[PDB]
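A.B. asks: Provided herewith is a single structure, encoded as structure tokens, for subsequent inquiry.
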RNA sequence: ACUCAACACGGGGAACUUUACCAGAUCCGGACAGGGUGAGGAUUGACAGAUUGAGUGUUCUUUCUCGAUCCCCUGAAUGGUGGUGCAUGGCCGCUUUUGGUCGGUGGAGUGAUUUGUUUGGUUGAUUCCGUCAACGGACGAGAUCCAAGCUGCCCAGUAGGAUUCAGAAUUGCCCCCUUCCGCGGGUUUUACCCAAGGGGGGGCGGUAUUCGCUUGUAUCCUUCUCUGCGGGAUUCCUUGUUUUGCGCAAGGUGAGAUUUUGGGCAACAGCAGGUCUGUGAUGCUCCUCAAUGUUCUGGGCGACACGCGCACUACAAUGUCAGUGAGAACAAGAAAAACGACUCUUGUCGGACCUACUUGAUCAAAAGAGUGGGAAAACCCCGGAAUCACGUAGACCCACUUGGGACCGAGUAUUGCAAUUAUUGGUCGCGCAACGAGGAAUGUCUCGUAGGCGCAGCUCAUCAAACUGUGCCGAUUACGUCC
């Protein structure tokens, strides 16, 4: 492995606060940053009939979720990673998968 | 096609309150409009600014009618 | 993953539900769920706090416990909070609760309806509506509606200015619908769907 | 459920379960104890034999083993896919995809009323403009939202290119342009022109024979990929047409030319439309210990049982790929991860899901087995789809034929606790069973559309001619009217 921080979320304008600002700490602030960035957004798509009984003209609804995914890289910091990560914990339903 | 009365109304107000345009360019006019107005549609801004131009072209001739003295 | 999301989702559902139902007449409105790593912070947003929190904290600690046994948290990995959301008029859910309570206690139709619509439009709401269906007069049901101010009903901009709620009132001789709408003076941040405006 | 708004509809492709229905047996899931039960109490469970569909203590015989709530009797409680959708909530469908709906102030009338919301033009649109006793608002329309086409900034160790160096391999092409002069023919002397030949001028093997997604060294880059937030036109011209107006037609500009394209949303007033088989959504009633409850209990039935009518689907009658054989190229949305057992230490690893390679294969398919990767832009995957293409000297030849298969017998393997009324694959025989372009009548469609073709998701041990979604090949006619 290397140090790979991934960020996943259910909406945009959530990810951007975490990534695109508040990984500031590793950016130009103290140490090197190699920044790759963002990945295929996936769609989770659940088609569902609209009538609670059997009648009608056979209408439907389609519902959707969006996933959002991000990814950034650091070249062996030796427990500066503690600092860098911990400052943004922010926004409900953003999760942070550090490797 | 035909322009709704949202468009028309808005556009009139501008021609009045500003002669920091008089241009027959869609382009020049547009970049005034979008920093003078808040509508939060980019679509509306196009149609407004377009109509504006088609007022100023008329204004260079006889009476426009129904847009002050 | 695809899965982590759905976990958070189904969680948030069940959570919401259990509070909405079993905690009544406090003007329950919303929650929020979030995590900081290795904690869970769930706030609760209801008009009247002194009922929520209990006399000395019995009620809040109660809820805590309930949750922990279901979703299999340890203590100190779950903590709950309360908040007053003041300006009661500008929540659908709040006024839906209140209205329900009165109809269950054998108040009329039009009297009760009006009383809501007052308190709403005094809070500064743009317009509101209220509906009641179900029994009234006797036989063949009936539906009636009461309207004040103005509101939009199309687009996706009635899904960001107008949040609604629907509840039941269980009575003898019929169930009875109730519903309350309420258009806000504000968005969820700011946005106006139309209304072009000239700033001199 | 029964015209349009019943009839591949009730996510309804049901082996058991699911399941309402039928035959038979079982269990309390009868709370709450007011009324009865000494240390044994009232009580629970059972080997064996018998009863029985049942090596089912259901029940009996027999004896052992155990909370005293369990147990006995009335009241009451409860559960129910029982009844009523003409008791009712919620949700959905339809009226209705049409452009419609309402009030304030002012005006006119003694007022029931009207103007606004009207004769006209215009637009998909109560969309605008003109006239004008109306003016200014709110809903619907429009706009805001989602996806598609083009583009800016961003980005790479999961996207993919460039150059250099080494190593490996084939080891060969089944030059050209321009110009001048001469002469013999064709020439009417001549000018002109064709054949042949010679000379001069200019290209040129350029800092390059060609080829490796396992064939490796070095260096560099972001055109092609990904994505968040942003750019991107009724403008311009024809001075045509129109009233100067609202606009309209043709052309231009451009990635895109007129609701740019396809969706989602959608007022007021309603229907005695559907649903009590979605729900700890329910009023009143029905049923309750030999039950209409529970019953994941054993067996049967279910949308399945067979002269016959109807709806929707799929496959054909072949020689416009047409049919069995061969070889070549080639697609994108999407799908997979956790279930108290296991081994790990002191509070947690691996496996239950996909798929590759290899073997099996010193001899059919289907099957079998071992190993490895992937939690998904890393594995599968360079996703080798089918339609399709062929200078493949391929077979076939107009026939119900090698066109089509329906029915029908035998053998075998997998799925599952259970495949018998064949469940699903997979090879032999049955084809001599229909059917040769289809009457009256009738369905929905205007451009990446119609039609043809294939894949995935859905349901889910197993099985899709269905439904939802994505891609490939890709037209004819009209662009009008009110019959």
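No value in this document is a laboratory result; all are computed from the given coordinates.
A.B. asks: After finding the eigenvalues of the alpha carbon gyration tensor for the stretch C:34-141, what semi-axes result from the square roots of 5 times each, listed largest first in whole Å?
C.D. replies: Taking √(5λ) for each eigenvalue gives 37, 17, 13 Å, largest first.
A.B. asks: If you don't mind, another one. Starting from the Kirkwood radius over alpha-carbon pairs of the stretch C:92-159, derive D by Stokes-Einstein at 37 °C in a medium of 0.692 mPa s and give it in µm² s⁻¹.
C.D. replies: Rounded to a whole number, D works out at 246 µm²/s.
A.B. asks: If I take the Cα coordinates of the protein assembly as shown and project them onto the principal axes, what are the three extents in Å, biggest first?
C.D. replies: 81, 77, 48
A.B. asks: Helix-only estimate, please: 222 nm mean residue ellipticity of chain C, summing -39500 (n - 2.57) across DSSP H runs of length 4 or more and dividing by its residues, to the nearest 500.
C.D. replies: Dividing the helical sum by the residues of chain C leaves -10000 deg cm²/dmol.
A.B. asks: Can you tell me the Rg and Dmax of chain C, counting just the alpha carbons, in angstroms?
C.D. replies: Taking only Cα atoms of chain C, I get Rg and Dmax of 19.7, 62 Å.
A.B. asks: Right, something else. What's the long-distance tail for chain A, i.e. % of Cα pairs beyond 19 Å?
C.D. replies: 51
A.B. asks: Please work out the Cα convex hull volume for the stretch C:87-200 and give it in Å³ per residue.
C.D. replies: Cα-based convex hull of the stretch C:87-200, divided per residue, equals 114 Å³.
A.B. asks: For a quick size check, give me the Cα extents of chain B along its three principal axes, largest first, whole Å.
C.D. replies: 34, 24, 21
A.B. asks: To the nearest Å, what is the center-to-center distance of the stretch C:59-107 and the stretch A:44-99, using C-alpha atoms only?
C.D. replies: Spelled out, the Cα-based centre of one part sits 27 Å from the other.
A.B. asks: Taking a cut-off of 15 Å, what percent of all Cα-Cα pairs in the stretch C:1-86 are separated by more than that?
C.D. replies: In whole percent, the long-distance tail amounts to 60.
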